[PDB]
$ cat data.cif   # mmCIF, C-alpha atoms
data_target
loop_
_atom_site.group_PDB
_atom_site.id
_atom_site.type_symbol
_atom_site.label_atom_id
_atom_site.label_comp_id
_atom_site.auth_asym_id
_atom_site.auth_seq_id
_atom_site.Cartn_x
_atom_site.Cartn_y
_atom_site.Cartn_z
ATOM 1 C CA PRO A 6 34.765 -10.122 -110.737
ATOM 2 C CA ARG A 7 34.457 -10.771 -106.982
ATOM 3 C CA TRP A 8 37.828 -10.485 -105.235
ATOM 4 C CA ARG A 9 38.998 -13.663 -103.475
ATOM 5 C CA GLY A 10 42.440 -13.989 -101.931
ATOM 6 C CA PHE A 11 44.857 -12.978 -99.212
ATOM 7 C CA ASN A 12 46.846 -10.314 -97.444
ATOM 8 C CA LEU A 13 50.644 -10.534 -97.797
ATOM 9 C CA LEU A 14 52.639 -9.130 -94.891
ATOM 10 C CA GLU A 15 56.192 -8.666 -96.201
ATOM 11 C CA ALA A 16 55.820 -4.863 -95.793
ATOM 12 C CA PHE A 17 53.649 -5.002 -92.645
ATOM 13 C CA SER A 18 56.098 -4.301 -89.772
ATOM 14 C CA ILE A 19 59.051 -2.000 -89.115
ATOM 15 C CA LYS A 20 61.099 -5.209 -89.051
ATOM 16 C CA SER A 21 59.725 -6.524 -92.361
ATOM 17 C CA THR A 22 62.070 -7.167 -95.289
ATOM 18 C CA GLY A 23 59.815 -5.754 -97.987
ATOM 19 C CA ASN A 24 60.688 -8.753 -100.180
ATOM 20 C CA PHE A 25 57.556 -10.464 -101.358
ATOM 21 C CA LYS A 26 57.719 -14.014 -102.646
ATOM 22 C CA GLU A 27 56.756 -14.653 -106.247
ATOM 23 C CA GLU A 28 55.736 -18.234 -105.487
ATOM 24 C CA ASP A 29 52.923 -16.927 -103.246
ATOM 25 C CA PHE A 30 51.335 -15.384 -106.352
ATOM 26 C CA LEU A 31 51.980 -18.459 -108.486
ATOM 27 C CA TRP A 32 50.390 -20.743 -105.914
ATOM 28 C CA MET A 33 47.331 -18.619 -105.220
ATOM 29 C CA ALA A 34 46.762 -18.242 -108.967
ATOM 30 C CA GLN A 35 46.983 -22.011 -109.485
ATOM 31 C CA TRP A 36 44.358 -22.277 -106.719
ATOM 32 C CA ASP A 37 42.171 -19.842 -108.721
ATOM 33 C CA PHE A 38 42.413 -16.812 -106.384
ATOM 34 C CA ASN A 39 42.554 -13.344 -107.897
ATOM 35 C CA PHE A 40 43.337 -10.761 -105.184
ATOM 36 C CA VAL A 41 46.019 -9.678 -102.727
ATOM 37 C CA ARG A 42 46.039 -6.829 -100.230
ATOM 38 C CA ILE A 43 49.390 -5.398 -99.164
ATOM 39 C CA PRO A 44 49.191 -3.809 -95.675
ATOM 40 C CA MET A 45 52.231 -1.489 -95.617
ATOM 41 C CA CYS A 46 54.086 0.191 -92.752
ATOM 42 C CA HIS A 47 55.123 3.688 -93.851
ATOM 43 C CA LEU A 48 58.122 3.663 -91.484
ATOM 44 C CA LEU A 49 59.753 1.186 -93.889
ATOM 45 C CA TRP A 50 60.311 4.191 -96.172
ATOM 46 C CA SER A 51 59.804 7.100 -93.745
ATOM 47 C CA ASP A 52 60.742 8.323 -90.241
ATOM 48 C CA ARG A 53 59.055 8.287 -86.822
ATOM 49 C CA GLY A 54 60.289 11.810 -86.160
ATOM 50 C CA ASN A 55 59.692 13.241 -89.641
ATOM 51 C CA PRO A 56 56.652 11.896 -91.526
ATOM 52 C CA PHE A 57 57.550 13.724 -94.756
ATOM 53 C CA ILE A 58 60.606 11.533 -95.428
ATOM 54 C CA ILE A 59 60.202 9.202 -98.402
ATOM 55 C CA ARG A 60 62.974 6.773 -99.342
ATOM 56 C CA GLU A 61 61.782 6.014 -102.861
ATOM 57 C CA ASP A 62 64.088 3.018 -103.383
ATOM 58 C CA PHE A 63 61.818 0.987 -101.122
ATOM 59 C CA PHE A 64 59.125 1.022 -103.805
ATOM 60 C CA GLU A 65 61.268 -1.013 -106.171
ATOM 61 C CA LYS A 66 59.971 -3.906 -104.042
ATOM 62 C CA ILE A 67 56.334 -2.918 -104.552
ATOM 63 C CA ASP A 68 56.980 -2.582 -108.282
ATOM 64 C CA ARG A 69 57.786 -6.297 -108.267
ATOM 65 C CA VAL A 70 54.485 -7.095 -106.538
ATOM 66 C CA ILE A 71 52.594 -5.213 -109.235
ATOM 67 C CA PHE A 72 54.473 -7.121 -111.926
ATOM 68 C CA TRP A 73 53.596 -10.423 -110.275
ATOM 69 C CA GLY A 74 49.993 -9.271 -109.937
ATOM 70 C CA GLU A 75 49.855 -8.696 -113.681
ATOM 71 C CA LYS A 76 51.746 -11.890 -114.516
ATOM 72 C CA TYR A 77 49.490 -14.139 -112.416
ATOM 73 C CA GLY A 78 46.118 -12.381 -112.746
ATOM 74 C CA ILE A 79 46.016 -11.165 -109.133
ATOM 75 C CA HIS A 80 44.651 -7.734 -108.363
ATOM 76 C CA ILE A 81 46.938 -5.714 -106.060
ATOM 77 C CA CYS A 82 45.430 -3.520 -103.354
ATOM 78 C CA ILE A 83 48.133 -1.452 -101.622
ATOM 79 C CA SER A 84 47.179 -0.242 -98.161
ATOM 80 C CA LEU A 85 48.709 1.912 -95.441
ATOM 81 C CA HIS A 86 48.559 -0.212 -92.299
ATOM 82 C CA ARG A 87 50.647 2.454 -90.598
ATOM 83 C CA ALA A 88 50.563 6.030 -91.887
ATOM 84 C CA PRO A 89 51.673 9.290 -90.278
ATOM 85 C CA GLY A 90 49.555 9.607 -87.159
ATOM 86 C CA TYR A 91 47.724 6.273 -87.273
ATOM 87 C CA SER A 92 48.070 2.516 -86.965
ATOM 88 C CA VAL A 93 46.289 -0.248 -85.092
ATOM 89 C CA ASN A 94 49.723 -1.874 -84.774
ATOM 90 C CA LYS A 95 51.192 -1.163 -81.319
ATOM 91 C CA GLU A 96 54.807 -2.013 -82.245
ATOM 92 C CA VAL A 97 55.345 1.767 -82.532
ATOM 93 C CA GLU A 98 53.253 4.419 -80.779
ATOM 94 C CA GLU A 99 52.335 7.275 -83.102
ATOM 95 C CA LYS A 100 53.179 10.642 -81.537
ATOM 96 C CA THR A 101 50.476 12.421 -83.569
ATOM 97 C CA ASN A 102 46.813 11.772 -84.372
ATOM 98 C CA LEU A 103 46.109 11.575 -88.114
ATOM 99 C CA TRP A 104 42.419 12.257 -87.592
ATOM 100 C CA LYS A 105 43.000 15.629 -85.882
ATOM 101 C CA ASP A 106 46.507 16.871 -86.702
ATOM 102 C CA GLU A 107 46.928 19.051 -89.793
ATOM 103 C CA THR A 108 50.623 18.168 -90.112
ATOM 104 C CA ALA A 109 50.003 14.405 -90.051
ATOM 105 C CA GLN A 110 47.298 14.866 -92.694
ATOM 106 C CA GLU A 111 49.689 16.827 -94.902
ATOM 107 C CA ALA A 112 52.182 13.984 -94.590
ATOM 108 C CA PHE A 113 49.461 11.395 -95.281
ATOM 109 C CA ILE A 114 48.560 13.191 -98.504
ATOM 110 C CA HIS A 115 52.253 13.595 -99.381
ATOM 111 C CA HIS A 116 52.735 9.808 -99.183
ATOM 112 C CA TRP A 117 49.602 8.989 -101.144
ATOM 113 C CA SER A 118 50.474 11.599 -103.765
ATOM 114 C CA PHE A 119 53.897 10.020 -104.180
ATOM 115 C CA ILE A 120 52.368 6.565 -104.615
ATOM 116 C CA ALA A 121 49.651 7.827 -106.970
ATOM 117 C CA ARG A 122 52.252 9.476 -109.193
ATOM 118 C CA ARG A 123 54.498 6.406 -109.249
ATOM 119 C CA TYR A 124 51.714 4.089 -110.482
ATOM 120 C CA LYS A 125 49.652 6.536 -112.609
ATOM 121 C CA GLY A 126 50.163 4.261 -115.616
ATOM 122 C CA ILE A 127 48.770 1.138 -113.910
ATOM 123 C CA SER A 128 45.079 0.415 -114.493
ATOM 124 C CA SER A 129 42.647 -0.099 -111.619
ATOM 125 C CA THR A 130 42.000 -3.560 -113.080
ATOM 126 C CA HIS A 131 45.463 -4.333 -111.675
ATOM 127 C CA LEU A 132 45.865 -1.865 -108.797
ATOM 128 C CA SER A 133 43.778 -0.195 -106.111
ATOM 129 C CA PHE A 134 44.626 2.023 -103.116
ATOM 130 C CA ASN A 135 43.279 1.390 -99.590
ATOM 131 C CA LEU A 136 44.067 4.708 -97.964
ATOM 132 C CA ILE A 137 44.196 3.658 -94.296
ATOM 133 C CA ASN A 138 43.663 0.429 -92.422
ATOM 134 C CA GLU A 139 40.956 0.094 -89.754
ATOM 135 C CA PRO A 140 39.996 3.573 -88.459
ATOM 136 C CA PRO A 141 38.634 3.373 -84.896
ATOM 137 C CA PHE A 142 35.121 3.858 -83.611
ATOM 138 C CA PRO A 143 34.229 7.535 -84.283
ATOM 139 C CA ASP A 144 34.650 8.963 -80.793
ATOM 140 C CA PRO A 145 34.997 12.683 -81.685
ATOM 141 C CA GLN A 146 37.693 13.228 -79.058
ATOM 142 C CA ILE A 147 39.881 11.033 -81.310
ATOM 143 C CA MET A 148 38.170 10.858 -84.727
ATOM 144 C CA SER A 149 34.726 12.152 -85.561
ATOM 145 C CA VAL A 150 32.824 10.772 -88.529
ATOM 146 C CA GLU A 151 33.360 14.184 -90.143
ATOM 147 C CA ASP A 152 37.102 14.094 -89.391
ATOM 148 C CA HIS A 153 37.371 10.780 -91.200
ATOM 149 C CA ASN A 154 35.195 11.647 -94.172
ATOM 150 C CA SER A 155 36.753 15.054 -94.789
ATOM 151 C CA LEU A 156 40.261 13.581 -94.734
ATOM 152 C CA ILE A 157 39.376 10.669 -97.011
ATOM 153 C CA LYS A 158 37.639 13.047 -99.428
ATOM 154 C CA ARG A 159 40.652 15.415 -99.463
ATOM 155 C CA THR A 160 43.065 12.550 -100.024
ATOM 156 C CA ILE A 161 40.990 11.051 -102.827
ATOM 157 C CA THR A 162 40.768 14.493 -104.433
ATOM 158 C CA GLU A 163 44.560 14.851 -104.439
ATOM 159 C CA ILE A 164 45.103 11.284 -105.684
ATOM 160 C CA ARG A 165 42.691 11.855 -108.560
ATOM 161 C CA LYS A 166 44.247 15.140 -109.604
ATOM 162 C CA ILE A 167 47.235 12.913 -110.379
ATOM 163 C CA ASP A 168 45.378 9.802 -111.596
ATOM 164 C CA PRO A 169 41.680 10.484 -112.202
ATOM 165 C CA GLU A 170 40.661 6.854 -112.671
ATOM 166 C CA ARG A 171 42.313 5.257 -109.622
ATOM 167 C CA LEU A 172 40.029 2.913 -107.685
ATOM 168 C CA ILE A 173 39.994 3.584 -103.922
ATOM 169 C CA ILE A 174 39.127 1.119 -101.135
ATOM 170 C CA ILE A 175 37.744 2.642 -97.914
ATOM 171 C CA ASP A 176 37.794 0.671 -94.652
ATOM 172 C CA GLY A 177 34.730 0.836 -92.443
ATOM 173 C CA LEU A 178 34.852 2.637 -89.125
ATOM 174 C CA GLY A 179 35.039 0.711 -85.872
ATOM 175 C CA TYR A 180 38.109 -1.133 -87.172
ATOM 176 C CA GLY A 181 36.532 -2.077 -90.483
ATOM 177 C CA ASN A 182 33.145 -3.117 -89.088
ATOM 178 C CA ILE A 183 30.825 -0.100 -89.594
ATOM 179 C CA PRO A 184 29.779 1.096 -93.083
ATOM 180 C CA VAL A 185 30.557 4.738 -93.846
ATOM 181 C CA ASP A 186 27.185 6.290 -94.681
ATOM 182 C CA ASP A 187 28.192 9.642 -96.206
ATOM 183 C CA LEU A 188 31.133 8.567 -98.426
ATOM 184 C CA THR A 189 29.366 7.924 -101.741
ATOM 185 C CA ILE A 190 32.291 8.720 -104.037
ATOM 186 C CA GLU A 191 32.533 7.435 -107.600
ATOM 187 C CA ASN A 192 34.762 4.408 -108.208
ATOM 188 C CA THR A 193 35.176 3.389 -104.591
ATOM 189 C CA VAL A 194 34.629 0.209 -102.623
ATOM 190 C CA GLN A 195 34.123 -0.065 -98.870
ATOM 191 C CA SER A 196 35.872 -2.816 -96.940
ATOM 192 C CA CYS A 197 34.482 -4.717 -93.958
ATOM 193 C CA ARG A 198 36.037 -7.361 -91.685
ATOM 194 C CA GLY A 199 35.570 -11.037 -90.894
ATOM 195 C CA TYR A 200 36.874 -11.453 -87.343
ATOM 196 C CA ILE A 201 33.483 -11.690 -85.631
ATOM 197 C CA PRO A 202 33.570 -13.342 -83.103
ATOM 198 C CA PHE A 203 36.849 -12.674 -81.293
ATOM 199 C CA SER A 204 36.521 -15.698 -78.996
ATOM 200 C CA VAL A 205 36.979 -17.800 -82.135
ATOM 201 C CA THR A 206 39.220 -15.612 -84.256
ATOM 202 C CA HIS A 207 41.481 -14.021 -81.632
ATOM 203 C CA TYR A 208 41.618 -16.657 -78.885
ATOM 204 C CA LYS A 209 44.928 -16.187 -77.026
ATOM 205 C CA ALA A 210 46.002 -13.403 -79.414
ATOM 206 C CA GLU A 211 48.846 -11.541 -77.758
ATOM 207 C CA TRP A 212 48.148 -8.141 -79.325
ATOM 208 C CA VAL A 213 44.524 -8.004 -78.099
ATOM 209 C CA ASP A 214 43.262 -8.057 -74.513
ATOM 210 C CA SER A 215 42.190 -11.701 -74.750
ATOM 211 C CA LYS A 216 42.958 -13.139 -71.311
ATOM 212 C CA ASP A 217 39.242 -13.428 -70.404
ATOM 213 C CA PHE A 218 37.836 -14.834 -73.660
ATOM 214 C CA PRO A 219 35.751 -18.008 -73.237
ATOM 215 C CA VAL A 220 36.731 -21.370 -74.724
ATOM 216 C CA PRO A 221 36.220 -21.015 -78.498
ATOM 217 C CA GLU A 222 32.981 -22.471 -79.741
ATOM 218 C CA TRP A 223 30.862 -22.102 -82.831
ATOM 219 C CA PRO A 224 27.979 -21.421 -83.053
ATOM 220 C CA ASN A 225 27.461 -19.185 -80.009
ATOM 221 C CA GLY A 226 30.925 -17.643 -80.154
ATOM 222 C CA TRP A 227 31.548 -14.509 -78.121
ATOM 223 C CA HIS A 228 32.520 -11.001 -79.225
ATOM 224 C CA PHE A 229 32.924 -8.037 -76.833
ATOM 225 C CA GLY A 230 30.159 -9.235 -74.575
ATOM 226 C CA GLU A 231 27.732 -10.603 -77.195
ATOM 227 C CA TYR A 232 27.043 -14.081 -78.543
ATOM 228 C CA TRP A 233 27.062 -14.733 -82.282
ATOM 229 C CA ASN A 234 25.669 -17.324 -84.687
ATOM 230 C CA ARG A 235 25.366 -17.470 -88.451
ATOM 231 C CA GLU A 236 22.022 -15.669 -88.486
ATOM 232 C CA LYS A 237 23.621 -12.783 -86.603
ATOM 233 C CA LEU A 238 26.547 -12.797 -89.045
ATOM 234 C CA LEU A 239 24.058 -12.731 -91.916
ATOM 235 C CA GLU A 240 22.221 -9.754 -90.401
ATOM 236 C CA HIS A 241 25.516 -7.908 -89.933
ATOM 237 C CA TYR A 242 26.691 -8.309 -93.529
ATOM 238 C CA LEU A 243 23.222 -7.493 -94.856
ATOM 239 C CA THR A 244 23.696 -4.024 -93.367
ATOM 240 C CA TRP A 245 26.970 -3.788 -95.287
ATOM 241 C CA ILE A 246 25.559 -4.681 -98.715
ATOM 242 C CA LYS A 247 22.930 -1.968 -98.211
ATOM 243 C CA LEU A 248 25.694 0.341 -99.476
ATOM 244 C CA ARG A 249 24.993 -1.136 -102.907
ATOM 245 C CA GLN A 250 21.702 0.788 -102.993
ATOM 246 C CA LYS A 251 23.903 3.914 -103.066
ATOM 247 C CA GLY A 252 26.083 2.543 -105.866
ATOM 248 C CA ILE A 253 28.899 1.425 -103.531
ATOM 249 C CA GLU A 254 30.377 -2.062 -103.699
ATOM 250 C CA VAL A 255 31.619 -3.831 -100.580
ATOM 251 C CA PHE A 256 34.141 -6.573 -99.885
ATOM 252 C CA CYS A 257 35.811 -8.095 -96.830
ATOM 253 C CA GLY A 258 39.428 -6.879 -96.779
ATOM 254 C CA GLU A 259 40.543 -9.115 -93.896
ATOM 255 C CA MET A 260 39.124 -12.242 -92.282
ATOM 256 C CA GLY A 261 40.197 -15.364 -90.465
ATOM 257 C CA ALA A 262 41.127 -17.054 -87.185
ATOM 258 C CA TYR A 263 44.350 -17.258 -85.206
ATOM 259 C CA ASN A 264 46.197 -20.515 -84.638
ATOM 260 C CA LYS A 265 45.302 -21.309 -81.003
ATOM 261 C CA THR A 266 41.648 -22.044 -81.773
ATOM 262 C CA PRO A 267 40.749 -25.728 -82.325
ATOM 263 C CA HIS A 268 40.658 -26.503 -86.027
ATOM 264 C CA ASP A 269 37.163 -28.001 -85.893
ATOM 265 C CA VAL A 270 35.830 -24.727 -84.457
ATOM 266 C CA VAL A 271 37.737 -22.670 -87.033
ATOM 267 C CA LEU A 272 36.378 -24.690 -89.942
ATOM 268 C CA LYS A 273 32.783 -24.601 -88.677
ATOM 269 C CA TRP A 274 32.957 -20.817 -88.268
ATOM 270 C CA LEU A 275 34.763 -20.232 -91.556
ATOM 271 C CA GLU A 276 32.275 -22.402 -93.414
ATOM 272 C CA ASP A 277 29.401 -20.237 -92.126
ATOM 273 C CA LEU A 278 31.242 -16.984 -92.885
ATOM 274 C CA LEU A 279 32.103 -18.080 -96.427
ATOM 275 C CA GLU A 280 28.560 -19.321 -97.095
ATOM 276 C CA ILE A 281 27.275 -15.883 -96.089
ATOM 277 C CA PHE A 282 29.810 -14.149 -98.305
ATOM 278 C CA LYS A 283 28.899 -16.344 -101.286
ATOM 279 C CA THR A 284 25.213 -15.713 -100.592
ATOM 280 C CA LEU A 285 25.717 -11.935 -100.555
ATOM 281 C CA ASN A 286 28.437 -11.892 -103.272
ATOM 282 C CA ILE A 287 30.980 -10.386 -100.865
ATOM 283 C CA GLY A 288 34.617 -10.806 -101.859
ATOM 284 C CA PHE A 289 37.203 -11.726 -99.256
ATOM 285 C CA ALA A 290 40.874 -11.767 -98.276
ATOM 286 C CA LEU A 291 42.250 -14.074 -95.615
ATOM 287 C CA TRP A 292 44.525 -12.122 -93.284
ATOM 288 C CA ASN A 293 47.496 -14.405 -94.030
ATOM 289 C CA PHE A 294 48.516 -16.646 -96.921
ATOM 290 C CA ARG A 295 51.541 -17.996 -95.064
ATOM 291 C CA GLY A 296 51.247 -17.339 -91.346
ATOM 292 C CA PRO A 297 49.182 -17.893 -88.201
ATOM 293 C CA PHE A 298 45.916 -16.788 -89.859
ATOM 294 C CA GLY A 299 46.882 -18.453 -93.140
ATOM 295 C CA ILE A 300 46.433 -21.676 -95.084
ATOM 296 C CA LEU A 301 50.205 -22.255 -95.057
ATOM 297 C CA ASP A 302 52.708 -22.418 -92.193
ATOM 298 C CA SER A 303 50.020 -21.636 -89.626
ATOM 299 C CA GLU A 304 51.626 -23.690 -86.814
ATOM 300 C CA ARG A 305 48.359 -25.271 -85.676
ATOM 301 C CA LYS A 306 48.833 -28.192 -83.317
ATOM 302 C CA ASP A 307 45.826 -30.175 -84.567
ATOM 303 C CA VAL A 308 46.169 -30.177 -88.372
ATOM 304 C CA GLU A 309 47.549 -32.940 -90.600
ATOM 305 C CA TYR A 310 49.501 -30.622 -92.858
ATOM 306 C CA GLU A 311 50.157 -31.393 -96.514
ATOM 307 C CA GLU A 312 53.692 -30.960 -97.827
ATOM 308 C CA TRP A 313 53.757 -27.913 -100.099
ATOM 309 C CA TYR A 314 57.215 -27.141 -101.539
ATOM 310 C CA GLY A 315 58.878 -26.798 -98.151
ATOM 311 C CA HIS A 316 55.782 -25.342 -96.517
ATOM 312 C CA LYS A 317 52.910 -26.844 -94.522
ATOM 313 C CA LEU A 318 49.479 -26.619 -96.143
ATOM 314 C CA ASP A 319 46.119 -26.728 -94.337
ATOM 315 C CA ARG A 320 44.308 -28.437 -97.204
ATOM 316 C CA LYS A 321 40.886 -28.464 -95.511
ATOM 317 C CA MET A 322 41.005 -24.683 -95.008
ATOM 318 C CA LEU A 323 42.226 -24.088 -98.555
ATOM 319 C CA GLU A 324 39.486 -26.196 -100.109
ATOM 320 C CA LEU A 325 36.846 -24.345 -98.070
ATOM 321 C CA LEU A 326 38.117 -21.046 -99.441
ATOM 322 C CA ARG A 327 38.275 -22.480 -102.973
ATOM 323 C CA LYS A 328 34.658 -23.679 -102.965
ATOM 324 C CA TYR A 329 33.178 -20.304 -101.912
#
$ encode --input "data.cif" --output "structure tokens"
Amino acid sequence: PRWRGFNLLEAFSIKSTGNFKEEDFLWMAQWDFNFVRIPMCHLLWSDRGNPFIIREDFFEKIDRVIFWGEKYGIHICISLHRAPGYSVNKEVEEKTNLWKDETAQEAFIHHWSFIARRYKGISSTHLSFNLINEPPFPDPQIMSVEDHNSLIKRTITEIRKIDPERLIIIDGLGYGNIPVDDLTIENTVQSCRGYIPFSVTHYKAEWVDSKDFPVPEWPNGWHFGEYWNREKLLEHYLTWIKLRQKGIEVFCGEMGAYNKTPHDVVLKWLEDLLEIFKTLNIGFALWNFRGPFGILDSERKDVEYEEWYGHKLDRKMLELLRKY
């Protein structure tokens, strides 16, 4: 069934606790969602200076997430948001380049082999692996298309020597926006993104160079020099679902808008995005459940929040997600 849900960030940062909240799973299940992605920072169990370190005790926390996934009917997709030699997160600068460095790739495979072995008994109904979050545009001085595909193929091969049936999720290139043409591997799904356009979704975002973005507006939002509307969004995701002609399913592993964009603009944009995803049968995950991109505790100035067990619920946003 089409995946619909959220990312949970309790293992996202080097400062994260690793302690996920069971009530998140309870609530999203009661709202009829069925998917969570877990973007993980490998430094929570490893070392900046030695990428082969694994502190296995950390994964007792992920074991709990898998239990709650099974208890509440929520598929768990575990992802490396930071891995040896790569992350889009600037909180730590990687000293090596995963896409070129043999040692970082060995460590990458070492981590994924450890994780594959730990969860070999867990069905892909309940658990998938997203090997690496948001590879860059394939500039071959950093990462060629062939660099990426050969590494992903090698890593999948090693994972499936351990667990032959494990479902793998593969992010598009260009930070999850470009389909990967020559990765037609059995039992995989490719993952796109729903942040187009940045003037709406990343207005005043501190971790992006956003100082010159125009006032958010939708339609006619702005994204790296180009103006977007729902027909342009439709065209974009039509190129994605072309992967289905090669036997490859697609879904949108992250989407949403930050909390400095006027709510009326966010809801107009999100309505169009979700209508396109329903049209094309594309699953989705909002970047936050609780948090600035989320339906809860998003700290928007212009929302009449609903009380939700000590939290603040954006009911309009939730009901949009629930209807698509």
$ resolve_selection --input "data.cif" --expression "the PyMOL selection byres ((chain A and resi 256) around 12)" --output "PyMOL selection string"
chain A and resi 6-10+40+42+174-177+181-182+184+193-199+242+245-246+248-249+253-255+257-260+282-283+285-291
$ resolve_selection --input "data.cif" --expression "the PyMOL selection byres ((chain A and resi 130-138) around 6)" --output "ChimeraX atom specification"
/A:80-86,128-129,139,172-175
$ residues_around --input "data.cif" --residues "residue A:115" --least-positions-apart "3" --cutoff "10 Å" --atoms "all atoms listed in the file" --output "list in words"
residues 56, 57, 58, 59, 109, 110, 111, 112, 118, 119, 120, 121, 160, 163 and 164 of chain A
$ closest_residue --input "data.cif" --among "A:271, A:185, A:31, A:178" --to "residue A:221" --atoms "only C-alpha atoms"
A:271
$ atom_distance --input "data.cif" --atom1 "atom CA of residue A:310" --atom2 "atom CA of residue A:28"
18.8 Å
$ closest_residue --input "data.cif" --among "A:147, A:97, A:49, A:238" --to "residue A:23" --atoms "only C-alpha atoms"
A:49
$ residues_around --input "data.cif" --residues "residue A:38" --least-positions-apart "2" --cutoff "9 Å" --atoms "only C-alpha atoms" --output "ChimeraX atom specification"
/A:8-11,32-36,40-41,78-79,327
$ atom_distance --input "data.cif" --atom1 "atom CA of residue A:104" --atom2 "atom CA of residue A:46"
17.6 Å
$ resolve_selection --input "data.cif" --expression "the PyMOL selection byres ((chain A and resi 187) around 10)" --output "short mmCIF file (atom, residue, chain, number, x, y, z; two decimals) with C-alpha atoms, keeping the file's coordinate frame"
data_model
loop_
_atom_site.label_atom_id
_atom_site.label_comp_id
_atom_site.auth_asym_id
_atom_site.auth_seq_id
_atom_site.Cartn_x
_atom_site.Cartn_y
_atom_site.Cartn_z
CA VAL A 150 32.82 10.77 -88.53
CA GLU A 151 33.36 14.18 -90.14
CA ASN A 154 35.20 11.65 -94.17
CA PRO A 184 29.78 1.10 -93.08
CA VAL A 185 30.56 4.74 -93.85
CA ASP A 186 27.18 6.29 -94.68
CA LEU A 188 31.13 8.57 -98.43
CA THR A 189 29.37 7.92 -101.74
CA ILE A 190 32.29 8.72 -104.04
CA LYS A 251 23.90 3.91 -103.07
#
$ build_atoms --input "data.cif" --residues "stretch 269-280 of chain A" --atoms "N, CA and C atoms" --output "PDB file, in the frame of the given file"
ATOM      1  N   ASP A 269      38.552 -27.678 -85.591  1.00  0.00           N
ATOM      2  CA  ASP A 269      37.163 -28.001 -85.893  1.00  0.00           C
ATOM      3  C   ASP A 269      36.272 -26.772 -85.689  1.00  0.00           C
ATOM      4  N   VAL A 270      36.566 -25.968 -84.662  1.00  0.00           N
ATOM      5  CA  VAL A 270      35.830 -24.727 -84.457  1.00  0.00           C
ATOM      6  C   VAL A 270      36.112 -23.740 -85.581  1.00  0.00           C
ATOM      7  N   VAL A 271      37.389 -23.598 -85.959  1.00  0.00           N
ATOM      8  CA  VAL A 271      37.737 -22.670 -87.033  1.00  0.00           C
ATOM      9  C   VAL A 271      36.999 -23.038 -88.316  1.00  0.00           C
ATOM     10  N   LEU A 272      36.981 -24.321 -88.668  1.00  0.00           N
ATOM     11  CA  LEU A 272      36.378 -24.690 -89.942  1.00  0.00           C
ATOM     12  C   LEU A 272      34.864 -24.534 -89.919  1.00  0.00           C
ATOM     13  N   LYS A 273      34.224 -24.790 -88.779  1.00  0.00           N
ATOM     14  CA  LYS A 273      32.783 -24.601 -88.677  1.00  0.00           C
ATOM     15  C   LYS A 273      32.426 -23.127 -88.831  1.00  0.00           C
ATOM     16  N   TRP A 274      33.172 -22.261 -88.149  1.00  0.00           N
ATOM     17  CA  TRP A 274      32.957 -20.817 -88.268  1.00  0.00           C
ATOM     18  C   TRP A 274      33.256 -20.323 -89.681  1.00  0.00           C
ATOM     19  N   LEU A 275      34.398 -20.725 -90.233  1.00  0.00           N
ATOM     20  CA  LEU A 275      34.763 -20.232 -91.556  1.00  0.00           C
ATOM     21  C   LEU A 275      33.771 -20.697 -92.610  1.00  0.00           C
ATOM     22  N   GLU A 276      33.272 -21.921 -92.474  1.00  0.00           N
ATOM     23  CA  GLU A 276      32.275 -22.402 -93.414  1.00  0.00           C
ATOM     24  C   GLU A 276      31.052 -21.482 -93.413  1.00  0.00           C
ATOM     25  N   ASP A 277      30.561 -21.127 -92.220  1.00  0.00           N
ATOM     26  CA  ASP A 277      29.401 -20.237 -92.126  1.00  0.00           C
ATOM     27  C   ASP A 277      29.718 -18.855 -92.698  1.00  0.00           C
ATOM     28  N   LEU A 278      30.892 -18.299 -92.365  1.00  0.00           N
ATOM     29  CA  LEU A 278      31.242 -16.984 -92.885  1.00  0.00           C
ATOM     30  C   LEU A 278      31.287 -17.004 -94.404  1.00  0.00           C
ATOM     31  N   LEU A 279      31.941 -18.024 -94.979  1.00  0.00           N
ATOM     32  CA  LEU A 279      32.103 -18.080 -96.427  1.00  0.00           C
ATOM     33  C   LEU A 279      30.781 -18.353 -97.141  1.00  0.00           C
ATOM     34  N   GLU A 280      29.881 -19.114 -96.514  1.00  0.00           N
ATOM     35  CA  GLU A 280      28.560 -19.321 -97.095  1.00  0.00           C
ATOM     36  C   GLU A 280      27.783 -18.012 -97.142  1.00  0.00           C
TER      37      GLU A 280
END
